[PDB]
Each structure stands twice: as C-alpha cells, then as structure tokens.
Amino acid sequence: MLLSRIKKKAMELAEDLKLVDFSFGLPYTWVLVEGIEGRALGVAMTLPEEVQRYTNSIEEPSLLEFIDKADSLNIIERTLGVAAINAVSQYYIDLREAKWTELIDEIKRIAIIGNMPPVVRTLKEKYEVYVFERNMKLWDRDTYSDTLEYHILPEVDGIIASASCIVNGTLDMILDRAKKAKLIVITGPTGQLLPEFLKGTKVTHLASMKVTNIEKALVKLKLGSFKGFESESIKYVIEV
C-alpha cells in the first residue's frame, strides 16, 4: 500500500511537531499541529458512506499515533492519519512559485475521478472526458460507475483524480491502471501532502490548498462549511 510508505516518511518529519487539536468531522477531518515556527492545519475528506463502525483503537492521541494508523482497515483511523500526514506536510510545504486547469496537444482522452462540475464543464468541450463518481449525491447525466475505472483508466492520456482517492485507498489501483497516462493530477484539500512522498509514483502534479488563516478556517471546518474553509486558503499546483 502506497499510504503505508507515505506514513513511514511522514513519521520521520513529525519528530519536531506536536498535536494541538483534531476532529473526525464533516465535510473534512482535520489535525492541528505546532512547531517552533508556528502552527499548521492538515485536512482529509471524511467519507461517511465508507464508515462501518464508529470505533477507534487510539486511546492516547498523538501526532505519531495518528500517522501510524494511516494504513488502518478502519476508515476513521485512516482519515485522521491522512489529515495528520497533511498537517506535518503543510508545516514543511514550500509553495514559493506554486502554479494556480490549463495544466493539460499531448492529451486527447481524460479520466476524471470524482465529479468536479467546474473542471468537467471546461474539459468536456475540448477533450474526450470520462467522469467516475461513487457517491449517488454527486451523480450527473454524464457520470459512470467507479467499477468501470479499472477498464477505462488504461485507455486515457490524462487523469484528474479527487484527492479523496488517498483516504479510501483507491489511489494504488488508479496508478496501477494508469498504463498510458502522461499526466496524473491529485486534486483537492486531501492532497495537502508533500510532493516528495509521491516521488517514484506515476503521480505528476498535486493540486491542493494551504490554510492562510488557521483560526478562521477552523471555525468554518467546525461549522461544516466547505466554501468558508476554502476562502481561508490559497489554491496551489506543485509538480511531483
């Protein structure tokens, strides 16, 4: 599992960081950390439809304990672990010259994992697009089942996968089936991880967002507002 290798690298970076606060909440599970330079907020998308039991083996919460359960069979332990990996990453992230869609000549067929209407509408006009959605709420008249990813991914030149593919563990399959993909973009707040963690993989770019105001974003994360949390952050694209 790729998430098992990412947590090993992240635990080496969490040595000088401490856990401040956390919450397995909606729409995002977040982990607040603190170092000598200041604080950092890491998030991971909560997928309640994947939750089988509301249990957690973690008795004493800590940053190293959260990161160690990132490859757990328990989705609650994974989401808190990925959020913690992102929290350590957002503390050490270098976004100096980070690019702001026009990232895609070269590409003819695109596979979009996770229904993102603004991204889909822009690409459906100029490229052959295949949208895959698992959640029934985000279903369009153009969306296909996620069971068809295994068969369509080897035929596409570009892949735009929702960063939620990291928490549900579907990232390992997406990369394995990306036989002919020249571009693989992991987009969303769950993609807050360091690009060095994905070195060697087929992932080409990471499109996420860094929290500019931790206090205001925490208020919006606790209130369950995605746009409110998004407005307290800056969107970035960094090459792996």
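Start at 1 with the first residue shown and count on from there.
Unmodelled residues of the deposited sequence between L138 and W139: none, the chain being continuous. In this entry, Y150 and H151 are joined directly, with no residue of the deposited sequence lacking coordinates between them. The deposited model assigns a higher average Cα B-factor to 120-128 than to the other stretch when 89-97 and 120-128 are compared. Annotation for 180-188 versus 57-65: the higher mean temperature factor (C-alpha) is found in 57-65. Ranking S162, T170, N74, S145 by Cα temperature factor from the entry places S145 first. Among all modelled residues in this chain, the alpha-carbon of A217 has a temperature factor (C-alpha) in the lowest third. Looking at the C-alpha B-factors along this chain, the one for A111 belongs to the middle third. When the modelled residues of the chain are ordered by C-alpha B-factor, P48 sits in the middle third. Sort the modelled residues of the chain by CA B factor and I36 lands in the highest third. For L223, the recorded CA temperature factor ranks within the lowest third of the chain's modelled residues.
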